[PDB]
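Novice: For reference, this is final-v6.json, and it has JSON, C-alpha atoms.
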[["chain", "number", "residue", "atom", "x", "y", "z"],
["A", 259, "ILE", "CA", -30.20, 33.12, -52.82],
["A", 260, "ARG", "CA", -33.88, 33.96, -52.40],
["A", 261, "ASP", "CA", -35.59, 37.34, -52.47],
["A", 262, "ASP", "CA", -33.42, 40.42, -52.02],
["A", 263, "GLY", "CA", -30.46, 38.51, -50.61],
["A", 264, "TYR", "CA", -32.60, 36.39, -48.32],
["A", 265, "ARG", "CA", -29.95, 33.91, -47.18],
["A", 266, "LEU", "CA", -26.61, 32.17, -47.58],
["A", 267, "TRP", "CA", -26.32, 28.88, -49.45],
["A", 268, "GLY", "CA", -23.46, 26.38, -49.30],
["A", 269, "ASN", "CA", -21.89, 24.44, -46.46],
["A", 270, "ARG", "CA", -19.15, 23.29, -48.86],
["A", 271, "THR", "CA", -15.64, 24.80, -48.77],
["A", 272, "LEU", "CA", -12.60, 25.13, -51.04],
["A", 273, "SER", "CA", -10.78, 21.89, -50.41],
["A", 274, "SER", "CA", -8.99, 19.40, -52.61],
["A", 275, "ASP", "CA", -9.60, 16.90, -49.80],
["A", 276, "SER", "CA", -13.11, 15.45, -49.77],
["A", 277, "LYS", "CA", -12.99, 14.66, -46.04],
["A", 278, "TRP", "CA", -12.88, 18.39, -45.26],
["A", 279, "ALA", "CA", -15.65, 19.20, -47.73],
["A", 280, "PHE", "CA", -17.95, 20.68, -45.08],
["A", 281, "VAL", "CA", -17.22, 23.88, -43.16],
["A", 282, "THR", "CA", -19.11, 22.16, -40.37],
["A", 283, "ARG", "CA", -16.38, 19.53, -40.32],
["A", 284, "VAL", "CA", -13.54, 22.03, -40.23],
["A", 285, "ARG", "CA", -15.15, 24.42, -37.73],
["A", 286, "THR", "CA", -16.08, 21.58, -35.40],
["A", 287, "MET", "CA", -12.61, 20.04, -35.57],
["A", 288, "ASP", "CA", -11.12, 23.47, -34.75],
["A", 289, "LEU", "CA", -13.41, 24.93, -32.08],
["A", 290, "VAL", "CA", -13.69, 21.59, -30.28],
["A", 291, "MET", "CA", -9.98, 21.94, -29.61],
["A", 292, "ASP", "CA", -10.30, 25.59, -28.64],
["A", 293, "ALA", "CA", -12.67, 24.47, -25.89],
["A", 294, "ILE", "CA", -10.27, 21.67, -24.89],
["A", 295, "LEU", "CA", -7.20, 23.93, -24.59],
["A", 296, "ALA", "CA", -9.17, 26.66, -22.88],
["A", 297, "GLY", "CA", -9.74, 24.21, -20.03],
["A", 298, "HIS", "CA", -6.57, 22.14, -20.09],
["A", 299, "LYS", "CA", -4.46, 25.27, -19.52],
["A", 300, "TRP", "CA", -3.36, 23.73, -16.20],
["A", 301, "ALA", "CA", -2.05, 20.69, -18.06],
["A", 302, "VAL", "CA", 0.74, 22.61, -19.85],
["A", 303, "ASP", "CA", 3.39, 22.74, -17.08],
["A", 304, "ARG", "CA", 3.32, 21.10, -13.62],
["A", 305, "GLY", "CA", 5.49, 18.28, -12.31],
["A", 306, "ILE", "CA", 4.45, 15.06, -14.04],
["A", 307, "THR", "CA", 3.07, 12.75, -11.37],
["A", 308, "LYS", "CA", 1.95, 9.13, -11.62],
["A", 309, "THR", "CA", -1.58, 10.41, -12.13],
["A", 310, "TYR", "CA", -0.80, 13.08, -14.72],
["A", 311, "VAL", "CA", -1.74, 10.91, -17.68],
["A", 312, "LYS", "CA", -5.05, 10.06, -16.02],
["A", 313, "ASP", "CA", -5.87, 13.59, -14.89],
["A", 314, "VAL", "CA", -5.64, 14.67, -18.50],
["A", 315, "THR", "CA", -7.38, 11.69, -20.13],
["A", 316, "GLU", "CA", -10.31, 12.26, -17.76],
["A", 317, "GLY", "CA", -10.33, 16.03, -18.08],
["A", 318, "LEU", "CA", -10.60, 15.40, -21.81],
["A", 319, "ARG", "CA", -13.45, 12.96, -21.28],
["A", 320, "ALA", "CA", -15.23, 15.73, -19.35],
["A", 321, "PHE", "CA", -15.12, 18.50, -21.95],
["A", 322, "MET", "CA", -15.67, 15.95, -24.71],
["A", 323, "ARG", "CA", -18.66, 14.43, -22.97],
["A", 324, "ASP", "CA", -20.23, 17.84, -22.36],
["A", 325, "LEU", "CA", -19.95, 18.65, -26.04],
["A", 326, "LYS", "CA", -21.72, 15.38, -26.82],
["A", 327, "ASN", "CA", -24.51, 16.28, -24.42],
["A", 328, "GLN", "CA", -25.20, 19.60, -26.14],
["A", 329, "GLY", "CA", -25.21, 18.05, -29.62],
["A", 330, "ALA", "CA", -21.75, 19.23, -30.77],
["A", 331, "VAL", "CA", -20.59, 15.71, -31.64],
["A", 332, "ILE", "CA", -21.96, 12.18, -31.69],
["A", 333, "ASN", "CA", -19.88, 9.88, -29.49],
["A", 334, "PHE", "CA", -16.12, 10.10, -29.12],
["A", 335, "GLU", "CA", -13.14, 8.27, -27.71],
["A", 336, "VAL", "CA", -10.20, 9.56, -25.73],
["A", 337, "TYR", "CA", -7.21, 7.66, -24.41],
["A", 338, "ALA", "CA", -3.45, 8.01, -24.01],
["A", 339, "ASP", "CA", -1.78, 6.47, -27.09],
["A", 340, "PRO", "CA", 0.59, 3.91, -25.52],
["A", 341, "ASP", "CA", 2.85, 3.38, -28.53],
["A", 342, "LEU", "CA", 4.56, 6.73, -28.03],
["A", 343, "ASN", "CA", 4.31, 7.46, -24.30],
["A", 344, "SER", "CA", 7.81, 6.55, -23.13],
["A", 345, "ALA", "CA", 10.42, 7.35, -20.49],
["A", 346, "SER", "CA", 12.40, 9.35, -23.04],
["A", 347, "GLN", "CA", 9.47, 11.48, -24.19],
["A", 348, "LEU", "CA", 8.35, 11.99, -20.59],
["A", 349, "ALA", "CA", 11.81, 13.10, -19.43],
["A", 350, "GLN", "CA", 11.61, 15.58, -22.32],
["A", 351, "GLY", "CA", 8.17, 16.74, -21.12],
["A", 352, "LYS", "CA", 6.23, 15.40, -24.13],
["A", 353, "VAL", "CA", 3.30, 12.95, -24.02],
["A", 354, "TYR", "CA", 0.55, 11.87, -26.45],
["A", 355, "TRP", "CA", -3.21, 11.17, -26.55],
["A", 356, "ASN", "CA", -5.83, 10.23, -29.15],
["A", 357, "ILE", "CA", -9.19, 12.02, -29.47],
["A", 358, "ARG", "CA", -10.97, 10.25, -32.32],
["A", 359, "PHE", "CA", -14.60, 11.45, -32.64],
["A", 360, "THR", "CA", -17.50, 11.89, -35.11],
["A", 361, "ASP", "CA", -19.06, 15.21, -36.22],
["A", 362, "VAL", "CA", -22.72, 16.05, -36.96],
["A", 363, "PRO", "CA", -23.40, 15.46, -40.68],
["A", 364, "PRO", "CA", -25.38, 18.50, -41.90],
["A", 365, "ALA", "CA", -28.55, 17.25, -43.61],
["A", 366, "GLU", "CA", -28.27, 18.28, -47.23],
["A", 367, "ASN", "CA", -30.03, 17.22, -50.42],
["A", 368, "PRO", "CA", -33.35, 15.91, -49.12],
["A", 369, "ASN", "CA", -34.66, 13.82, -52.06],
["A", 370, "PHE", "CA", -38.45, 14.18, -52.04],
["A", 371, "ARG", "CA", -39.48, 11.38, -54.37],
["A", 372, "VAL", "CA", -43.12, 11.80, -55.42],
["A", 373, "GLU", "CA", -45.54, 9.86, -57.61],
["A", 374, "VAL", "CA", -48.88, 11.27, -58.70],
["A", 375, "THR", "CA", -50.83, 8.02, -58.95],
["A", 376, "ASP", "CA", -54.49, 7.09, -59.24],
["A", 377, "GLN", "CA", -54.45, 4.58, -56.38],
["A", 378, "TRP", "CA", -56.70, 6.45, -53.94],
["A", 379, "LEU", "CA", -59.38, 7.17, -56.53],
["A", 380, "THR", "CA", -62.04, 4.56, -55.86],
["A", 381, "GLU", "CA", -61.40, 5.18, -52.16],
["A", 382, "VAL", "CA", -63.25, 8.46, -52.74],
["A", 383, "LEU", "CA", -65.58, 9.95, -55.38],
["A", 384, "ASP", "CA", -67.18, 6.82, -56.91],
["A", 385, "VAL", "CA", -70.35, 6.21, -54.88],
["A", 386, "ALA", "CA", -68.94, 6.21, -51.32],
["B", 3, "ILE", "CA", 25.76, -21.58, 16.10],
["B", 4, "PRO", "CA", 25.05, -19.71, 19.38],
["B", 5, "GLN", "CA", 24.87, -15.93, 18.83],
["B", 6, "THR", "CA", 23.23, -14.11, 21.73],
["B", 7, "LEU", "CA", 23.57, -10.46, 22.62],
["B", 8, "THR", "CA", 26.60, -9.30, 24.60],
["B", 9, "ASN", "CA", 26.82, -5.51, 24.80],
["B", 10, "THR", "CA", 24.54, -2.63, 23.90],
["B", 11, "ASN", "CA", 24.84, 1.08, 23.24],
["B", 12, "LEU", "CA", 22.36, 3.81, 22.50],
["B", 13, "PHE", "CA", 22.62, 7.04, 20.52],
["B", 14, "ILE", "CA", 20.16, 9.95, 20.49],
["B", 15, "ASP", "CA", 21.74, 12.65, 18.36],
["B", 16, "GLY", "CA", 25.31, 11.46, 17.96],
["B", 17, "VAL", "CA", 25.81, 11.82, 21.71],
["B", 18, "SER", "CA", 26.84, 8.35, 22.91],
["B", 19, "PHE", "CA", 25.12, 7.10, 26.04],
["B", 20, "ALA", "CA", 28.09, 4.80, 26.75],
["B", 21, "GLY", "CA", 27.00, 4.76, 30.37],
["B", 22, "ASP", "CA", 23.35, 4.99, 31.33],
["B", 23, "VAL", "CA", 21.11, 2.65, 29.35],
["B", 24, "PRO", "CA", 20.47, -0.67, 31.15],
["B", 25, "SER", "CA", 17.66, -1.46, 28.73],
["B", 26, "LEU", "CA", 16.85, -0.92, 25.07],
["B", 27, "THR", "CA", 13.83, -2.20, 23.19],
["B", 28, "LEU", "CA", 13.41, -2.20, 19.45],
["B", 29, "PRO", "CA", 9.94, -1.66, 18.05],
["B", 30, "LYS", "CA", 8.04, -4.96, 17.92],
["B", 31, "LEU", "CA", 7.40, -5.14, 14.17],
["B", 32, "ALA", "CA", 3.92, -6.65, 13.90],
["B", 33, "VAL", "CA", 1.41, -6.87, 11.05],
["B", 34, "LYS", "CA", -2.31, -6.22, 11.59],
["B", 35, "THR", "CA", -3.60, -9.64, 10.33],
["B", 36, "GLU", "CA", -7.38, -9.66, 10.91],
["B", 37, "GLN", "CA", -8.28, -13.37, 11.05],
["B", 38, "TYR", "CA", -10.03, -13.91, 7.74],
["B", 39, "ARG", "CA", -12.72, -16.58, 7.97],
["B", 40, "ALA", "CA", -15.02, -16.69, 4.98],
["B", 41, "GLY", "CA", -17.09, -18.71, 2.53],
["B", 42, "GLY", "CA", -15.85, -22.10, 1.41],
["B", 43, "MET", "CA", -13.59, -22.65, 4.40],
["B", 44, "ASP", "CA", -13.48, -23.44, 8.07],
["B", 45, "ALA", "CA", -10.45, -22.08, 9.99],
["B", 46, "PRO", "CA", -9.30, -18.48, 9.33],
["B", 47, "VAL", "CA", -6.09, -17.54, 7.50],
["B", 48, "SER", "CA", -5.00, -13.91, 8.24],
["B", 49, "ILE", "CA", -4.12, -11.07, 5.86],
["B", 50, "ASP", "CA", -1.42, -8.42, 5.52],
["B", 51, "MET", "CA", -3.37, -5.33, 6.53],
["B", 52, "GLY", "CA", -0.36, -3.09, 7.22],
["B", 53, "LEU", "CA", 1.78, -2.83, 10.34],
["B", 54, "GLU", "CA", 1.08, -1.91, 13.93],
["B", 55, "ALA", "CA", 2.16, 1.24, 15.76],
["B", 56, "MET", "CA", 5.92, 0.80, 16.07],
["B", 57, "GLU", "CA", 7.01, 2.05, 19.48],
["B", 58, "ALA", "CA", 10.57, 1.73, 20.76],
["B", 59, "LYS", "CA", 11.77, 2.35, 24.31],
["B", 60, "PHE", "CA", 15.04, 2.81, 26.17],
["B", 61, "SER", "CA", 15.52, 3.69, 29.83],
["B", 62, "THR", "CA", 18.58, 5.59, 31.03],
["B", 63, "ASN", "CA", 18.93, 5.59, 34.82],
["B", 64, "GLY", "CA", 20.60, 8.97, 34.96],
["B", 65, "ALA", "CA", 19.23, 12.50, 34.71],
["B", 66, "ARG", "CA", 20.73, 12.65, 31.25],
["B", 67, "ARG", "CA", 19.46, 15.92, 29.73],
["B", 68, "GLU", "CA", 20.33, 14.86, 26.15],
["B", 69, "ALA", "CA", 17.35, 12.46, 26.33],
["B", 70, "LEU", "CA", 14.90, 14.46, 28.44],
["B", 71, "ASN", "CA", 15.35, 17.41, 26.10],
["B", 72, "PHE", "CA", 13.34, 15.79, 23.31],
["B", 73, "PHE", "CA", 10.06, 15.21, 25.13],
["B", 74, "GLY", "CA", 6.93, 16.56, 23.46],
["B", 75, "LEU", "CA", 9.13, 18.42, 21.01],
["B", 76, "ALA", "CA", 6.77, 20.30, 18.64],
["B", 77, "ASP", "CA", 8.55, 18.70, 15.70],
["B", 78, "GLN", "CA", 7.45, 15.09, 16.01],
["B", 79, "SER", "CA", 10.11, 12.88, 14.41],
["B", 80, "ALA", "CA", 12.94, 15.24, 15.43],
["B", 81, "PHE", "CA", 14.19, 12.73, 17.96],
["B", 82, "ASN", "CA", 16.46, 10.46, 15.90],
["B", 83, "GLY", "CA", 18.64, 8.03, 17.84],
["B", 84, "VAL", "CA", 20.29, 4.75, 16.92],
["B", 85, "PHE", "CA", 20.01, 1.53, 18.93],
["B", 86, "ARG", "CA", 23.26, -0.40, 18.41],
["B", 87, "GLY", "CA", 23.74, -3.89, 19.83],
["B", 88, "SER", "CA", 26.67, -6.26, 19.41],
["B", 89, "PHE", "CA", 25.84, -9.95, 19.18],
["B", 90, "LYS", "CA", 28.85, -11.99, 20.21],
["B", 91, "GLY", "CA", 28.64, -15.47, 18.74],
["B", 92, "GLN", "CA", 30.61, -18.37, 20.10],
["B", 93, "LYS", "CA", 33.11, -18.08, 17.23],
["B", 94, "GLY", "CA", 34.28, -14.59, 18.19],
["B", 95, "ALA", "CA", 33.32, -12.32, 15.26],
["B", 96, "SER", "CA", 30.51, -10.14, 16.60],
["B", 97, "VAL", "CA", 27.51, -9.19, 14.46],
["B", 98, "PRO", "CA", 26.66, -5.49, 14.65],
["B", 99, "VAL", "CA", 22.91, -5.01, 14.96],
["B", 100, "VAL", "CA", 21.89, -1.37, 14.63],
["B", 101, "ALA", "CA", 18.45, 0.20, 14.45],
["B", 102, "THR", "CA", 18.13, 3.89, 13.59],
["B", 103, "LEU", "CA", 14.63, 5.18, 14.38],
["B", 104, "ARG", "CA", 13.56, 8.74, 13.66],
["B", 105, "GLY", "CA", 10.49, 9.18, 15.86],
["B", 106, "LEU", "CA", 8.64, 11.29, 18.44],
["B", 107, "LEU", "CA", 9.82, 10.91, 22.05],
["B", 108, "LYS", "CA", 6.22, 10.67, 23.26],
["B", 109, "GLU", "CA", 6.57, 9.98, 27.00],
["B", 110, "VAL", "CA", 9.02, 9.95, 29.90],
["B", 111, "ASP", "CA", 8.49, 7.94, 33.09],
["B", 112, "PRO", "CA", 10.76, 8.47, 36.12],
["B", 113, "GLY", "CA", 9.76, 5.69, 38.50],
["B", 114, "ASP", "CA", 9.88, 5.52, 42.26],
["B", 115, "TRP", "CA", 12.77, 7.55, 43.62],
["B", 116, "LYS", "CA", 13.55, 5.56, 46.77],
["B", 117, "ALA", "CA", 16.80, 6.90, 48.24],
["B", 118, "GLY", "CA", 18.44, 3.51, 47.72],
["B", 119, "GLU", "CA", 17.72, 2.20, 44.23],
["B", 120, "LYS", "CA", 18.59, 3.13, 40.65],
["B", 121, "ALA", "CA", 15.93, 5.75, 39.89],
["B", 122, "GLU", "CA", 15.67, 4.62, 36.27],
["B", 123, "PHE", "CA", 13.99, 7.09, 33.96],
["B", 124, "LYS", "CA", 12.05, 5.57, 31.08],
["B", 125, "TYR", "CA", 11.25, 6.61, 27.51],
["B", 126, "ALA", "CA", 8.99, 5.44, 24.70],
["B", 127, "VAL", "CA", 9.59, 6.92, 21.24],
["B", 128, "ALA", "CA", 6.58, 6.56, 18.95],
["B", 129, "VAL", "CA", 8.68, 5.43, 16.01],
["B", 130, "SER", "CA", 7.97, 7.01, 12.63],
["B", 131, "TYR", "CA", 10.91, 5.84, 10.50],
["B", 132, "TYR", "CA", 12.87, 2.69, 11.35],
["B", 133, "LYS", "CA", 15.76, 0.90, 9.65],
["B", 134, "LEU", "CA", 17.10, -2.25, 11.27],
["B", 135, "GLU", "CA", 20.43, -3.53, 9.93],
["B", 136, "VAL", "CA", 22.36, -6.72, 10.66],
["B", 137, "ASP", "CA", 26.07, -7.04, 9.86],
["B", 138, "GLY", "CA", 25.81, -3.75, 7.96],
["B", 139, "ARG", "CA", 22.96, -5.12, 5.85],
["B", 140, "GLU", "CA", 19.45, -3.66, 5.67],
["B", 141, "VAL", "CA", 16.95, -6.17, 6.99],
["B", 142, "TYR", "CA", 14.06, -3.81, 7.59],
["B", 143, "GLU", "CA", 13.14, -0.36, 6.50],
["B", 144, "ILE", "CA", 9.65, 0.66, 7.58],
["B", 145, "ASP", "CA", 8.53, 4.14, 6.61],
["B", 146, "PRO", "CA", 4.81, 4.83, 7.13],
["B", 147, "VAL", "CA", 4.50, 8.39, 5.83],
["B", 148, "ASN", "CA", 5.63, 7.25, 2.37],
["B", 149, "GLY", "CA", 4.74, 3.54, 2.41],
["B", 150, "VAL", "CA", 8.19, 1.96, 2.15],
["B", 151, "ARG", "CA", 8.01, -1.34, 4.04],
["B", 152, "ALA", "CA", 11.09, -2.88, 2.45],
["B", 153, "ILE", "CA", 12.46, -6.21, 3.60],
["B", 154, "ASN", "CA", 16.19, -6.10, 2.68],
["B", 155, "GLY", "CA", 15.84, -4.00, -0.48],
["B", 156, "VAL", "CA", 12.70, -5.46, -2.02],
["B", 157, "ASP", "CA", 9.80, -3.12, -1.26],
["B", 158, "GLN", "CA", 6.65, -5.06, -0.42],
["B", 159, "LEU", "CA", 4.51, -1.94, -0.93],
["B", 160, "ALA", "CA", 5.87, -1.26, -4.41],
["B", 161, "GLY", "CA", 2.69, -2.88, -5.72],
["B", 162, "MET", "CA", 0.24, -0.91, -3.59],
["B", 163, "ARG", "CA", 2.16, 2.32, -4.23],
["B", 164, "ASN", "CA", 1.09, 2.14, -7.88],
["B", 165, "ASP", "CA", -2.53, 1.22, -7.24],
["B", 166, "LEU", "CA", -2.80, 4.20, -4.88],
["B", 167, "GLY", "CA", -1.00, 6.39, -7.39],
["B", 168, "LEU", "CA", 1.71, 7.68, -5.07]]
Is it possible to give me this structure as structure tokens?
Specialist:
Amino acid sequence: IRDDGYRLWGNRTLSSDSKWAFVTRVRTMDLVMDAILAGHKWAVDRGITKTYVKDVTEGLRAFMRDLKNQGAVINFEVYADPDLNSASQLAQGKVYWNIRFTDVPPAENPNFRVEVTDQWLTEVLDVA
Amino acid sequence: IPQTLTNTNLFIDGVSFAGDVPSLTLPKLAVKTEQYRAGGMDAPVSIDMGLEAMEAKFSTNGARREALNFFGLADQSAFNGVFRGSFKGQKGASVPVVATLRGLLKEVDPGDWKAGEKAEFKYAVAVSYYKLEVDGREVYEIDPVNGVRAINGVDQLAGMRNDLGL
């Protein structure tokens, strides 16, 4: 829109699912994880120690926290989903964590409500 | 039920010293305590703070070679050795008490050679690992570089091992 192809217009994206209505939502949810993986590269091998679970849940809380600091998200919550982490899964290498967080809602549709009254009329003009 | 110790024998590296070893000494297993006196109470109480420096010592009175040839050996805890000791008991059946102790030989003290007295060398292994068994049954197993103070099976540091994350 706007003069001679001034600018883009539309944060919305083709999605049947309303939750992923904003490209901001999708892009955040994707690139957040790009930053996580490019940083937890060390975590994808290595002999599982007693402190492996904690090394990772803290490493996550580092990258995640940094993103919060620079605006990227608004609060978050990382931990190591217990109802899944088991001896069997661990012997087979696997292990799970949760990373529930909130993304910056792009301000859209500011509703400037306006009323042209005659309240401040006497306050000026008449005599004064 | 009188037990008492009858005979004693000492190994270093399989080599039996069936001969020269008129004295053995197992490492005095002691805790560190620290007499805890504190608010709300008169009279201390004392706390498990870990063990003391286990040192064992034997003393062959012969120029034995097989013992002398471990002194100051670069590889601390290369000296192994097993301190066996048979407790008789008035009712015959003797109780084998045996104490393997991988440690560092540390020091060697040949006393006063007097031209008319058992010279008596001396030794004092700074014990690293130490497993004392009675009647073929583990009573102690103290391993510092690992934290494995285990009274007959049950490991009393199994709880601190976790909290340290080892």
Novice: With distances taken over only C-alpha atoms, which of B:20, B:137, B:32, B:48 is nearest to residue 95 of chain B?
Specialist: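 The shortest atom-to-atom distance to residue 95 of chain B comes from B:137.
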Novice: With distances taken over only C-alpha atoms, which residue among A:373, A:313, A:324, A:339 lies nearest chain B?
Specialist: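 Checking each candidate against chain B, we get A:313 as the closest.
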Novice: Under the rule that all atoms listed in the file are counted, which of A:273, A:306, A:369, A:330 is the nearest residue to residue 352 of chain A?
Specialist: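 Closest to residue 352 of chain A of all the choices is A:306.
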Novice: Determine, counting all atoms listed in the file, which protein, DNA and RNA residues have an atom within 9 Å of an atom of residue 129 of chain B; residues of the same chain fewer than 5 positions away are not included. Present the result as a list in words.
Specialist: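 In the requested format, the answer is residues 29, 55, 56, 57, 58, 79, 103, 104, 105, 106 and 107 of chain B.
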Novice: Go through A:365, A:318, A:307, A:351 and flag the residue nearest chain B, using all atoms listed in the file for the distances.
Specialist: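 With all atoms listed in the file as the atom set, the closest residue is A:307.
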Novice: Would you list which chain B residues are within 8 Å of chain A using all atoms listed in the file, as a list in words?
Specialist: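 Applying the cut-off to the listed atoms yields residues 164, 167 and 168 of chain B.
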Novice: What does the distance from atom CA of residue 147 of chain B to atom CA of residue 16 of chain B come to in Å, to one decimal?
Specialist: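 Between atom CA of residue 147 of chain B and atom CA of residue 16 of chain B the gap is 24.3 Å.
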Novice: In Å to one decimal, how far is atom CA of residue 315 of chain A from atom CA of residue 360 of chain A?
Specialist: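 Pair atom CA of residue 360 of chain A / atom CA of residue 315 of chain A returns 18.1 Å.
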Novice: Quick one: distance from atom CA of residue 62 of chain B to atom CA of residue 96 of chain B in Å, one decimal?
Specialist: 24.5 Å
Novice: So which one's closest to residue 295 of chain A, A:359, A:267, A:337, A:321? Using only C-alpha atoms, please.
Specialist: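 Ranking A:359, A:267, A:337, A:321 by distance to residue 295 of chain A, first place goes to A:321.
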Novice: Tell me which protein, DNA and RNA residues are within 8 Å of residue 91 of chain B, counting all atoms listed in the file, leaving out same-chain ones fewer than 5 positions away, and put them as a list in words.
Specialist: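 Residues near the query, excluding close chain neighbours: residues 3, 4, 5, 6, 96 and 97 of chain B.
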Novice: Which centre and which edge lengths, in Å to one decimal, describe the axis-aligned box that holds all listed atoms of segment 81-84 of chain B after 3 Å is added on each side, as JSON?
Specialist:
{"center_x": 17.2, "center_y": 8.7, "center_z": 16.9, "size_x": 12.1, "size_y": 14.0, "size_z": 8.1}
Novice: Nearest to residue 82 of chain B among B:102, B:25, B:154, B:18, with distances taken over all atoms listed in the file: which residue is it?
Specialist: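 Among the listed residues, the smallest separation from residue 82 of chain B belongs to B:102.
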Novice: Complete the atom set of segment 268-281 of chain A to N, CA, C and O atoms and return it as an mmCIF file, keeping the file's coordinate frame.
Specialist:
data_model
loop_
_atom_site.group_PDB
_atom_site.id
_atom_site.type_symbol
_atom_site.label_atom_id
_atom_site.label_comp_id
_atom_site.auth_asym_id
_atom_site.auth_seq_id
_atom_site.Cartn_x
_atom_site.Cartn_y
_atom_site.Cartn_z
ATOM 1 N N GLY A 268 -24.641 27.179 -49.018
ATOM 2 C CA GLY A 268 -23.460 26.380 -49.300
ATOM 3 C C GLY A 268 -22.660 26.114 -48.046
ATOM 4 O O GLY A 268 -22.010 27.006 -47.508
ATOM 5 N N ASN A 269 -22.718 24.876 -47.580
ATOM 6 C CA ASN A 269 -21.890 24.440 -46.460
ATOM 7 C C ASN A 269 -20.512 24.003 -46.958
ATOM 8 O O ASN A 269 -19.558 23.930 -46.182
ATOM 9 N N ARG A 270 -20.406 23.742 -48.259
ATOM 10 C CA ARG A 270 -19.150 23.290 -48.860
ATOM 11 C C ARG A 270 -18.048 24.350 -48.766
ATOM 12 O O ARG A 270 -18.327 25.542 -48.633
ATOM 13 N N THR A 271 -16.795 23.900 -48.829
ATOM 14 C CA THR A 271 -15.640 24.800 -48.770
ATOM 15 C C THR A 271 -14.544 24.410 -49.759
ATOM 16 O O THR A 271 -14.438 23.255 -50.162
ATOM 17 N N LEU A 272 -13.717 25.386 -50.140
ATOM 18 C CA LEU A 272 -12.600 25.130 -51.040
ATOM 19 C C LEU A 272 -11.626 24.151 -50.428
ATOM 20 O O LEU A 272 -10.844 24.505 -49.546
ATOM 21 N N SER A 273 -11.674 22.914 -50.901
ATOM 22 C CA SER A 273 -10.780 21.890 -50.410
ATOM 23 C C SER A 273 -10.606 20.788 -51.435
ATOM 24 O O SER A 273 -11.580 20.202 -51.913
ATOM 25 N N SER A 274 -9.350 20.520 -51.762
ATOM 26 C CA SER A 274 -8.990 19.400 -52.610
ATOM 27 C C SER A 274 -9.338 18.086 -51.908
ATOM 28 O O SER A 274 -9.604 17.079 -52.566
ATOM 29 N N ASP A 275 -9.344 18.104 -50.576
ATOM 30 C CA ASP A 275 -9.600 16.900 -49.800
ATOM 31 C C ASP A 275 -11.080 16.771 -49.461
ATOM 32 O O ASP A 275 -11.660 17.641 -48.803
ATOM 33 N N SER A 276 -11.682 15.679 -49.921
ATOM 34 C CA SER A 276 -13.110 15.450 -49.770
ATOM 35 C C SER A 276 -13.556 15.329 -48.308
ATOM 36 O O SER A 276 -14.678 15.704 -47.962
ATOM 37 N N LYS A 277 -12.677 14.808 -47.457
ATOM 38 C CA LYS A 277 -12.990 14.660 -46.040
ATOM 39 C C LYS A 277 -13.347 16.001 -45.407
ATOM 40 O O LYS A 277 -14.253 16.076 -44.579
ATOM 41 N N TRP A 278 -12.639 17.057 -45.802
ATOM 42 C CA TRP A 278 -12.880 18.390 -45.260
ATOM 43 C C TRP A 278 -13.753 19.194 -46.215
ATOM 44 O O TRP A 278 -13.514 20.379 -46.441
ATOM 45 N N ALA A 279 -14.770 18.544 -46.771
ATOM 46 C CA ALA A 279 -15.650 19.200 -47.730
ATOM 47 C C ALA A 279 -16.595 20.170 -47.036
ATOM 48 O O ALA A 279 -16.967 21.184 -47.618
ATOM 49 N N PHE A 280 -16.986 19.859 -45.804
ATOM 50 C CA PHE A 280 -17.950 20.680 -45.080
ATOM 51 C C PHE A 280 -17.264 21.638 -44.111
ATOM 52 O O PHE A 280 -16.371 21.244 -43.352
ATOM 53 N N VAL A 281 -17.691 22.899 -44.134
ATOM 54 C CA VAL A 281 -17.220 23.880 -43.160
ATOM 55 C C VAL A 281 -17.578 23.437 -41.761
ATOM 56 O O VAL A 281 -16.898 23.787 -40.809
#
